[PDB]
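Okay, so here's the structure we're looking at.
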Amino acid sequence: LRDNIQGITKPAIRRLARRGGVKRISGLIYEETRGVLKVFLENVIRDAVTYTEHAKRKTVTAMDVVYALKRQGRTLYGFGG
Amino acid sequence: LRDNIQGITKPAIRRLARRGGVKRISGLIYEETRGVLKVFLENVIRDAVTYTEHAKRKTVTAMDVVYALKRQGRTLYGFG
Amino acid sequence: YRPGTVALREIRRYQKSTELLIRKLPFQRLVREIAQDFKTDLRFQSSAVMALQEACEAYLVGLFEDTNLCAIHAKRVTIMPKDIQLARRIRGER
Amino acid sequence: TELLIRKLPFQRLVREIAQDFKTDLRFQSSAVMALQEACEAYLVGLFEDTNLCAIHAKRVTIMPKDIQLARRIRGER
Amino acid sequence: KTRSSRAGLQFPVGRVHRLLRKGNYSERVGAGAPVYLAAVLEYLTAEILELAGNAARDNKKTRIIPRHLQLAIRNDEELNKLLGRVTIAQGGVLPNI
Amino acid sequence: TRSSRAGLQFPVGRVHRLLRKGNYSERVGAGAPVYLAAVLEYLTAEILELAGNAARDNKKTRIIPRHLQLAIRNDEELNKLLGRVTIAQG
Amino acid sequence: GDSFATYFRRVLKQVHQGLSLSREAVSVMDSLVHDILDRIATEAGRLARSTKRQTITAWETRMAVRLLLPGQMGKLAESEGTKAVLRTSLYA
Amino acid sequence: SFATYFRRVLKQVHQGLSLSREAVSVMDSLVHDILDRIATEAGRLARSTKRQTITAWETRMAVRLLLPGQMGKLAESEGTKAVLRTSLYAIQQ
DNA sequence: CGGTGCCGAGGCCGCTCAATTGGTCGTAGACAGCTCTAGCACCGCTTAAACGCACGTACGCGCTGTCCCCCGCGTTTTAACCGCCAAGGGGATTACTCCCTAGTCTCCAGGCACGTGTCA
DNA sequence: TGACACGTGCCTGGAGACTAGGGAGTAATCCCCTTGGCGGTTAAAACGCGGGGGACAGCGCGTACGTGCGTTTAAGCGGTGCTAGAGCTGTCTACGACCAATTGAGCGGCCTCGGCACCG
């Protein structure tokens, strides 16, 4: 699907950080946080896909994603478990 | 035992800092790091003494301390 | 009107709410493109993509609050890539 | 690599904390040594992080604010 | 009858015993373990509900939503320490600057 | 022995027994404490080679826990695998 | 199903009778209860296996709760659990 | 545990060295910890799939989860080689 | 603050399946007894580590000017999105079975400990 | 001088062969949910321009910290002895797994209703 890390638009990052607590954001923050988000997404999706490969499935389930997130110490509650 | 937190003396904290990689030390670092060490000891010792109490043992052993460390998140190798 | 007094209002109105902040379709395309290089021709449950979005959003919000902590500690209000790098280094993720 | 905290003061400290927790307790030397090693490792890691914080703020000394920030970012408080 | 009524617990002792046995945490499970576990779970859940209800009343809403649960969890120091590495879905953050 | 048929210096046995005594599941398959033994043998052959390299670098020959800590902390993958680990007298 | 929805509603009515839960809140709190149960069970099992014991009785769960819930909340939960066990033992 | 099983490995890799008592007592603990981690991950995966057994598939996925691609692929290759060698030996009896 | 609409939460009945109840038993663990490790307390010497100042300067912190780079805001583009539909791929169930792992009788042979020669 | 390699001997767990039963492998089968497409519409992102504020660097002050040296001290050392209690064995009984029969507590279907959102 070519590239889609640009799908996290600059206003989206701005609103995310603004909810975080910041009040001024430097121009170079956007590329760094896009890289950080891509790294974290790769880390979580690799585990959530190895879980599916184990289950001999072809559809990544919410249970797979929540198990992958739990394995990294970032538990998620609203989606079963 | 009264006022035994002073056993972690100032040169010991300074040497720990030098091993950590710092180059200069502010005077108020010593009280803060003594407090940090006291908090860490309290947590680990509470876990260890609960471990011994479960085993109905009056002596804390290396296995209980390493179990407390592993539970807290810092696994320890070389004692069990 | 002047620079400021609008970022604070945005913080007030965005910390109170809980709605998703990353657009759903771009994030779906992003997760699809990331997962397509591990296993090819995969399918994603809608709840799975939503869970991934709700986890990444929370993680990024936490990282941004930590990087604001770092920026304030350096006598600055503007967060810069050095702040994010230091926050991620101290957190141990690296 | 050698032990930095003196053995006897640390032993007395850990005994004091334990007797604060549960009275009439005994410590075998392996447990005290393991605790000392863990505390040395934790403190050197904390000082690594605080040196990073101090360098970040255009400083070479570490101040209590640096330790507090390192602890708060690490999560423990 | 039952075991929830025997111990005076709202929570199900039998269900938590079944969860203990199914999870395979040990080869054998004692009789007092499920009762104790139901008791502690009921107390913790009652505390969380009370805090979330206080938050909802403060927010002037009679329906509890995950935002109120997140507020209750991250407003009390003990709950925050116990559940600090957890992201409640649609939970948000408590407002601070 | 099954270590004879396998190409394993690490014991296929004494790992099946450890799995059974650890109660990680109701039953353990036949190939599990062979794949696991091979993985452990690789994860020891590496680490041992690195510690030997460190000892040769320090001209000490004998392997000391300091060498093990250097081996673990001097490689990115092993650092990620063992990051919250403190080695005694290291 | 395996969910504590009715128990959460019952305890809310006991504590805050004027309120009412929502399905999302029920789901997240069910997951929270399951996670706390798993944590306590794993700690108690590890304690039991530490002392060469292949059973997880009231002592192991009590120590797991005490060792997993530091502070005043841990003392209150332990007192509540001991009260429940004593009340159960009173049926004799 | 695993006393001579490290000396055997050290005999074929970096010949002329030896393992000290402290090094052995660290490495056997490390091997036990890694084995426990992989076994717990395999058990959790099997339970998630609703299977009550640990087979080659479970441990394969457990080491894929633990060791990422740069090294987990090598460990997976080694384990597959060992499993197929055992199977070929058992084929002819 | 008031008027209107929407729908998910609440309450009553069917019921069924998971929780109770009762009896068996064979083992896991409670309990008593005993030995010997090693934990604790103390004796004194010595010396390495801590402790107390003096001090000269490295450096943290405040002040000030700049110039540039984010913020606000208006406008245009553009892609989310919400509503709806077609299609089928794969999640999820279910019956048969068959092969694999639990369990048990040997049987020894690799594993562990020890004595001795030899080198780090 | 302590530790590794080569005989020497003991020893108990891995292993071979067998039995038994059940875990799940496998083949159909249903239909839920996911992907792809169409289309208006419209909220939001992209872009540009003016401007203010603030990040950064330079400069000066003054303060507090690392270094050195003399004095104090208590850690570590090595015995010495006393005895708690860890660990082990022996054993015996209480209990949790197991199974068969029973039943009522909570789940789902269906009808009510007020809380939440929207606008004026």
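Going by the structure tokens order, chains are called A, B, ..., each with residues numbered from 1, while ligands are numbered from 1 in the order shown.
Every residue of chain C with a DSSP assignment of strand (DSSP E), taken from the backbone, is listed as residues 43, 44, 78 and 79 of chain C.
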Export, as a compact mmCIF listing (two decimals), in the first residue's frame, the selected residues with C-alpha atoms.
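Contents of selection_21.txt, as written:
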```txt
# COMPACT_ATOMS: atom_id res chain seq x y z
CA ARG C 43 -7.31 -9.74 7.44
CA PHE C 44 -7.98 -7.47 10.42
CA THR C 78 8.61 23.76 23.24
CA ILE C 79 9.19 20.02 22.92
```
At a cut-off of 12 Å, can you tabulate as a tab-separated table every residue of chain J near chain F together with its closest atom pair and the distance in Å to one decimal, using only C-alpha atoms (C1' of nucleotides) and ordering rows by chain then number?
```
residue	atom	partner	partner_atom	distance
J:3	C1'	F:62	CA	10.9
J:4	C1'	F:62	CA	11.6
J:13	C1'	F:14	CA	8.9
J:14	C1'	F:13	CA	6.8
J:15	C1'	F:1	CA	6.5
J:16	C1'	F:1	CA	10.2
J:23	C1'	F:27	CA	10.4
```
Output N, CA and C atoms (P, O5', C5', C4', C3', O3' and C1' of nucleotides) for every residue in the selection just made, as a compact mmCIF listing (two decimals), in the first residue's frame.
```txt
# COMPACT_ATOMS: atom_id res chain seq x y z
P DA J 3 39.93 -23.77 43.34
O5' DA J 3 40.05 -24.34 41.85
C5' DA J 3 40.41 -23.47 40.79
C4' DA J 3 40.83 -24.26 39.56
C3' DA J 3 39.82 -25.29 39.06
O3' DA J 3 39.75 -25.26 37.64
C1' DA J 3 41.89 -26.33 39.43
P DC J 4 38.45 -25.80 36.87
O5' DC J 4 39.05 -26.76 35.74
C5' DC J 4 39.91 -26.22 34.73
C4' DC J 4 40.71 -27.32 34.05
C3' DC J 4 39.90 -28.46 33.46
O3' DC J 4 40.47 -28.87 32.23
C1' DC J 4 41.45 -29.32 35.00
P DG J 13 16.79 -39.98 40.32
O5' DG J 13 16.53 -39.36 38.86
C5' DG J 13 17.56 -38.60 38.22
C4' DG J 13 17.68 -38.95 36.74
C3' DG J 13 16.39 -38.95 35.94
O3' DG J 13 16.70 -38.63 34.59
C1' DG J 13 17.28 -41.12 35.94
P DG J 14 15.59 -38.02 33.61
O5' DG J 14 16.09 -38.48 32.17
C5' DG J 14 17.48 -38.43 31.85
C4' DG J 14 17.83 -39.37 30.71
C3' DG J 14 16.80 -39.48 29.60
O3' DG J 14 17.47 -39.70 28.37
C1' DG J 14 17.01 -41.58 30.70
P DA J 15 16.65 -39.86 27.00
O5' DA J 15 16.44 -41.44 26.88
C5' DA J 15 17.53 -42.31 27.12
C4' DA J 15 17.17 -43.74 26.80
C3' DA J 15 16.02 -43.92 25.82
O3' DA J 15 16.27 -45.05 25.01
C1' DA J 15 15.47 -44.98 27.82
P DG J 16 15.68 -45.13 23.52
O5' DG J 16 15.14 -46.63 23.41
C5' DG J 16 16.01 -47.72 23.67
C4' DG J 16 15.23 -48.98 23.97
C3' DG J 16 14.00 -49.21 23.09
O3' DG J 16 13.92 -50.58 22.72
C1' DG J 16 13.36 -49.23 25.36
P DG J 23 -8.60 -35.32 26.58
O5' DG J 23 -7.41 -34.55 25.83
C5' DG J 23 -6.35 -35.29 25.24
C4' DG J 23 -5.51 -34.43 24.31
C3' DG J 23 -6.07 -33.06 24.01
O3' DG J 23 -5.01 -32.23 23.54
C1' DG J 23 -6.50 -34.59 22.20
```
Could you build a table of the residues in chain C lying no more than 12 Å from region 58-82 of chain E, giving for each the nearest pair of atoms and their separation in Å rounded to one decimal place, using only C-alpha atoms, ordered by chain and ascending residue number, as CSV?
```
residue,atom,partner,partner_atom,distance
C:15,CA,E:67,CA,11.0
C:16,CA,E:67,CA,9.3
C:17,CA,E:67,CA,8.7
C:18,CA,E:67,CA,7.3
C:19,CA,E:67,CA,10.6
```
Go ahead and write the residues just picked, N, CA, C and O atoms, as a CSV table (one decimal), in the first residue's frame.
```csv
chain,number,residue,atom,x,y,z
C,15,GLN,N,-8.3,17.1,27.1
C,15,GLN,CA,-8.1,16.2,28.2
C,15,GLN,C,-9.4,15.7,28.8
C,15,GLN,O,-9.5,14.6,29.3
C,16,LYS,N,-10.4,16.5,28.8
C,16,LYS,CA,-11.7,16.2,29.3
C,16,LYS,C,-12.4,15.1,28.5
C,16,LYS,O,-12.9,14.1,29.0
C,17,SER,N,-12.3,15.2,27.2
C,17,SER,CA,-12.9,14.3,26.3
C,17,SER,C,-12.1,13.0,26.2
C,17,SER,O,-11.1,12.8,26.7
C,18,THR,N,-12.7,12.0,25.4
C,18,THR,CA,-12.1,10.7,25.3
C,18,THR,C,-12.1,10.2,23.8
C,18,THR,O,-11.7,9.0,23.6
C,19,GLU,N,-12.6,11.0,22.9
C,19,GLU,CA,-12.7,10.5,21.5
C,19,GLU,C,-11.4,10.3,20.9
C,19,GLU,O,-10.4,10.8,21.3
```
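Residue nearest residue 57 (chain J), chosen from I:96, I:65, I:105, I:91 and counting only C-alpha atoms (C1' of nucleotides): I:65.
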Pull the closest atom pair for each residue of chain I that gets at most 9 Å from chain E, along with the distance in Å to one decimal, counting only C-alpha atoms (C1' of nucleotides), ordering rows by chain and then ascending residue number, as a tab-separated table.
```
residue	atom	partner	partner_atom	distance
I:18	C1'	E:15	CA	8.9
I:19	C1'	E:14	CA	6.4
I:20	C1'	E:2	CA	6.3
```
Report as an NGL selection string all protein, DNA and RNA residues lying within 9 Å of region 14-23 of chain G, evaluated on only C-alpha atoms (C1' of nucleotides), omitting residues in the same chain fewer than 4 positions from it. (:E and (46 or 49-50 or 53-54 or 56-57 or 61-66)) or (:G and (5 or 8-10 or 27-28)) or (:I and (8-9))
Separation of CA of residue 40 (chain D) from CA of residue 4 (chain D), in Å and rounded to one decimal: 7.4 Å
Distance query residue 33 (chain I) at most 12 Å, only C-alpha atoms (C1' of nucleotides), self and fewer than 5 positions along chain excluded, as a PyMOL selection string: chain J and resi 88-91
DSSP on the backbone: what in chain B comes out helix (DSSP H, G or I), as a ChimeraX atom specification? /B:5-7,10-20,29-54,62-72
Write to file, as an mmCIF file, in the first residue's frame, the residues of the selection just made, with C-alpha atoms.
```cif
data_model
loop_
_atom_site.group_PDB
_atom_site.id
_atom_site.type_symbol
_atom_site.label_atom_id
_atom_site.label_comp_id
_atom_site.auth_asym_id
_atom_site.auth_seq_id
_atom_site.Cartn_x
_atom_site.Cartn_y
_atom_site.Cartn_z
ATOM 1 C CA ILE B 5 20.547 5.234 57.060
ATOM 2 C CA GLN B 6 23.788 7.130 57.733
ATOM 3 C CA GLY B 7 25.611 3.857 57.045
ATOM 4 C CA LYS B 10 28.713 10.264 51.498
ATOM 5 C CA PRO B 11 31.881 8.847 49.839
ATOM 6 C CA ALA B 12 29.985 5.622 49.107
ATOM 7 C CA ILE B 13 27.256 7.566 47.293
ATOM 8 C CA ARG B 14 29.936 9.560 45.475
ATOM 9 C CA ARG B 15 31.712 6.380 44.350
ATOM 10 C CA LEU B 16 28.409 4.902 43.174
ATOM 11 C CA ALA B 17 27.838 8.089 41.173
ATOM 12 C CA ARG B 18 31.334 7.899 39.661
ATOM 13 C CA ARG B 19 30.632 4.314 38.615
ATOM 14 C CA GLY B 20 27.367 5.592 37.143
ATOM 15 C CA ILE B 29 22.119 14.652 46.047
ATOM 16 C CA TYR B 30 23.132 12.623 49.111
ATOM 17 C CA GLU B 31 19.910 13.037 51.101
ATOM 18 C CA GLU B 32 17.802 12.373 48.000
ATOM 19 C CA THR B 33 19.699 9.203 47.105
ATOM 20 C CA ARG B 34 19.550 8.000 50.714
ATOM 21 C CA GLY B 35 15.778 8.419 50.557
ATOM 22 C CA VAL B 36 15.640 6.584 47.223
ATOM 23 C CA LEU B 37 17.736 3.738 48.621
ATOM 24 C CA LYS B 38 15.557 3.553 51.734
ATOM 25 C CA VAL B 39 12.424 3.285 49.578
ATOM 26 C CA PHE B 40 13.964 0.542 47.429
ATOM 27 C CA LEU B 41 15.148 -1.380 50.499
ATOM 28 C CA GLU B 42 11.710 -1.072 52.087
ATOM 29 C CA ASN B 43 10.001 -2.507 49.003
ATOM 30 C CA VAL B 44 12.449 -5.373 48.473
ATOM 31 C CA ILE B 45 12.651 -6.220 52.185
ATOM 32 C CA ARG B 46 8.865 -6.222 52.541
ATOM 33 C CA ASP B 47 8.601 -8.674 49.652
ATOM 34 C CA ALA B 48 11.410 -10.831 51.069
ATOM 35 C CA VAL B 49 9.977 -10.968 54.596
ATOM 36 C CA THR B 50 6.555 -11.867 53.200
ATOM 37 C CA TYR B 51 8.306 -14.671 51.303
ATOM 38 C CA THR B 52 9.941 -15.945 54.502
ATOM 39 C CA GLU B 53 6.698 -15.565 56.472
ATOM 40 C CA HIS B 54 4.883 -17.713 53.914
ATOM 41 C CA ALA B 62 19.043 -15.674 49.191
ATOM 42 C CA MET B 63 16.196 -17.447 47.387
ATOM 43 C CA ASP B 64 13.599 -15.161 48.977
ATOM 44 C CA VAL B 65 15.582 -12.008 48.156
ATOM 45 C CA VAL B 66 16.142 -13.087 44.549
ATOM 46 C CA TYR B 67 12.426 -13.919 44.286
ATOM 47 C CA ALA B 68 11.573 -10.424 45.530
ATOM 48 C CA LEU B 69 13.986 -8.906 43.005
ATOM 49 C CA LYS B 70 12.551 -10.987 40.154
ATOM 50 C CA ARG B 71 9.038 -9.942 41.144
ATOM 51 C CA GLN B 72 9.957 -6.257 41.294
#
```
At a cut-off of 12 Å, which residues of chain J touch chain E? Count only C-alpha atoms (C1' of nucleotides) and give the answer as number ranges by chain. J: 95-97, 103-106, 114-116
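The residue set within 12 Å of residue 48 (chain I), counting only C-alpha atoms (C1' of nucleotides) and dropping same-chain residues fewer than 2 places from it, reads residues 6 of chain D; 46 and 50 of chain I; 73, 74, 75 and 76 of chain J.
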Compile the residues of chain H that lie within 6 Å of chain F, evaluated using only C-alpha atoms, and express the compilation as a list in words. residues 5, 17, 18, 19, 20, 23, 40, 43, 52, 53, 54, 55, 56, 75, 79, 82, 85 and 86 of chain H
Could you take the residues named above and write them with N, CA, C and O atoms, as an mmCIF file, in the first residue's frame?
```cif
data_model
loop_
_atom_site.group_PDB
_atom_site.id
_atom_site.type_symbol
_atom_site.label_atom_id
_atom_site.label_comp_id
_atom_site.auth_asym_id
_atom_site.auth_seq_id
_atom_site.Cartn_x
_atom_site.Cartn_y
_atom_site.Cartn_z
ATOM 1 N N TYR H 5 27.410 -29.689 31.030
ATOM 2 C CA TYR H 5 26.776 -29.372 29.758
ATOM 3 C C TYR H 5 27.199 -28.015 29.214
ATOM 4 O O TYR H 5 26.955 -27.737 28.035
ATOM 5 N N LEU H 17 39.923 -22.838 27.083
ATOM 6 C CA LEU H 17 39.352 -22.047 28.166
ATOM 7 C C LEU H 17 38.672 -22.949 29.188
ATOM 8 O O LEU H 17 38.616 -24.175 29.049
ATOM 9 N N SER H 18 38.149 -22.317 30.235
ATOM 10 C CA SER H 18 37.432 -23.034 31.273
ATOM 11 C C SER H 18 36.401 -22.111 31.900
ATOM 12 O O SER H 18 36.497 -20.884 31.813
ATOM 13 N N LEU H 19 35.414 -22.725 32.540
ATOM 14 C CA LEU H 19 34.328 -22.012 33.193
ATOM 15 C C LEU H 19 34.537 -22.049 34.700
ATOM 16 O O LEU H 19 34.709 -23.125 35.281
ATOM 17 N N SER H 20 34.527 -20.876 35.328
ATOM 18 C CA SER H 20 34.701 -20.794 36.768
ATOM 19 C C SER H 20 33.412 -21.184 37.485
ATOM 20 O O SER H 20 32.345 -21.317 36.881
ATOM 21 N N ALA H 23 30.868 -18.429 37.219
ATOM 22 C CA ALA H 23 30.319 -18.392 35.868
ATOM 23 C C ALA H 23 29.328 -19.527 35.643
ATOM 24 O O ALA H 23 28.284 -19.328 35.015
ATOM 25 N N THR H 40 6.733 -20.819 29.884
ATOM 26 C CA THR H 40 5.541 -20.075 30.271
ATOM 27 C C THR H 40 4.858 -19.465 29.055
ATOM 28 O O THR H 40 3.625 -19.469 28.960
ATOM 29 N N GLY H 43 3.066 -22.297 27.283
ATOM 30 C CA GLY H 43 1.853 -22.659 27.997
ATOM 31 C C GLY H 43 0.741 -21.647 27.806
ATOM 32 O O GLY H 43 -0.417 -22.017 27.595
ATOM 33 N N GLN H 52 -4.210 -28.091 25.603
ATOM 34 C CA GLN H 52 -3.559 -28.361 26.878
ATOM 35 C C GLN H 52 -2.236 -29.103 26.705
ATOM 36 O O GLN H 52 -1.850 -29.895 27.566
ATOM 37 N N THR H 53 -1.526 -28.850 25.608
ATOM 38 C CA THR H 53 -0.258 -29.516 25.347
ATOM 39 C C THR H 53 0.756 -28.508 24.823
ATOM 40 O O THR H 53 0.401 -27.461 24.280
ATOM 41 N N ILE H 54 2.032 -28.834 25.010
ATOM 42 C CA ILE H 54 3.144 -28.044 24.492
ATOM 43 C C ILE H 54 3.892 -28.922 23.502
ATOM 44 O O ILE H 54 4.531 -29.905 23.894
ATOM 45 N N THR H 55 3.819 -28.571 22.227
ATOM 46 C CA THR H 55 4.480 -29.315 21.166
ATOM 47 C C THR H 55 5.493 -28.406 20.472
ATOM 48 O O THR H 55 5.779 -27.297 20.930
ATOM 49 N N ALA H 56 6.046 -28.897 19.361
ATOM 50 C CA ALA H 56 7.063 -28.136 18.643
ATOM 51 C C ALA H 56 6.511 -26.807 18.142
ATOM 52 O O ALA H 56 7.231 -25.805 18.104
ATOM 53 N N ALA H 75 17.665 -19.285 15.841
ATOM 54 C CA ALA H 75 17.241 -20.285 16.814
ATOM 55 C C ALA H 75 16.149 -21.179 16.240
ATOM 56 O O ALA H 75 16.130 -22.389 16.492
ATOM 57 N N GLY H 79 16.439 -25.212 15.870
ATOM 58 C CA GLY H 79 15.448 -26.119 16.421
ATOM 59 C C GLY H 79 14.793 -26.986 15.363
ATOM 60 O O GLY H 79 14.528 -28.168 15.593
ATOM 61 N N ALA H 82 17.206 -29.717 14.503
ATOM 62 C CA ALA H 82 17.216 -30.757 15.528
ATOM 63 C C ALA H 82 15.979 -31.647 15.434
ATOM 64 O O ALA H 82 16.082 -32.879 15.512
ATOM 65 N N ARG H 85 16.189 -33.872 12.368
ATOM 66 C CA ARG H 85 17.182 -34.924 12.568
ATOM 67 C C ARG H 85 16.640 -36.033 13.463
ATOM 68 O O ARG H 85 16.826 -37.223 13.174
ATOM 69 N N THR H 86 15.954 -35.665 14.548
ATOM 70 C CA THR H 86 15.348 -36.682 15.403
ATOM 71 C C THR H 86 14.297 -37.481 14.642
ATOM 72 O O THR H 86 14.208 -38.707 14.786
#
```
Shell around residue 35 (chain C) at 10 Å using only C-alpha atoms (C1' of nucleotides), local window under 3 positions removed, as a list in words: residues 41, 42, 44, 45, 46, 48, 49 and 60 of chain A; 29, 30, 31, 32, 38, 39, 40, 41, 42, 43 and 44 of chain C
Write out as a PyMOL selection string every residue belonging to chain D that has an atom at most 10 Å from any atom of chain J, counting only C-alpha atoms (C1' of nucleotides). chain D and resi 6-9+26+61
Restricting the output to C-alpha atoms, write the selected residues as a PDB file, in the first residue's frame.
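Result file is selection.pdb:
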```
ATOM      1  CA  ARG D   6      30.536  -1.040  52.946  1.00  0.00           C
ATOM      2  CA  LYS D   7      29.366  -4.467  54.079  1.00  0.00           C
ATOM      3  CA  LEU D   8      28.711  -3.857  57.785  1.00  0.00           C
ATOM      4  CA  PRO D   9      26.794  -0.539  57.480  1.00  0.00           C
ATOM      5  CA  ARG D  26      17.678 -13.467  60.951  1.00  0.00           C
ATOM      6  CA  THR D  61      26.335  18.342  37.927  1.00  0.00           C
TER       7      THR D  61
END
```
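Between CA of residue 11 (chain A) and CA of residue 73 (chain A) the separation is 28.9 Å.
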Compute the chain H side of the contact with chain A at 7 Å, counting only C-alpha atoms, and hand it back as a list in words. residues 49, 61 and 65 of chain H
Export, as an mmCIF file, in the first residue's frame, the selected residues with C-alpha atoms.
```
data_model
loop_
_atom_site.group_PDB
_atom_site.id
_atom_site.type_symbol
_atom_site.label_atom_id
_atom_site.label_comp_id
_atom_site.auth_asym_id
_atom_site.auth_seq_id
_atom_site.Cartn_x
_atom_site.Cartn_y
_atom_site.Cartn_z
ATOM 1 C CA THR H 49 -5.587 -21.692 21.497
ATOM 2 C CA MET H 61 6.006 -19.562 18.364
ATOM 3 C CA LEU H 65 7.794 -14.088 20.368
#
```
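CA of residue 52 (chain G) to CA of residue 27 (chain E) spans 11.9 Å [interatomic distance, one decimal].
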Can you check which residues of chain D have any atom within 10 Å of chain E? Use only C-alpha atoms and format it as number ranges by chain. D: 75-77
Restrict the selected residues to N, CA, C and O atoms and save them as a CSV table (one decimal), in the first residue's frame.
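To be explicit, this is the file written out as out_29.csv:
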```csv
chain,number,residue,atom,x,y,z
D,75,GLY,N,8.9,5.8,36.1
D,75,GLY,CA,7.6,5.3,36.6
D,75,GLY,C,7.5,5.2,38.1
D,75,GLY,O,6.4,5.6,38.7
D,76,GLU,N,8.5,4.8,38.8
D,76,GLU,CA,8.5,4.7,40.2
D,76,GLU,C,8.5,6.0,40.9
D,76,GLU,O,9.2,7.0,40.5
D,77,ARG,N,7.7,6.1,41.9
D,77,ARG,CA,7.6,7.4,42.7
D,77,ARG,C,7.4,7.0,44.2
D,77,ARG,O,6.6,7.7,44.9
```
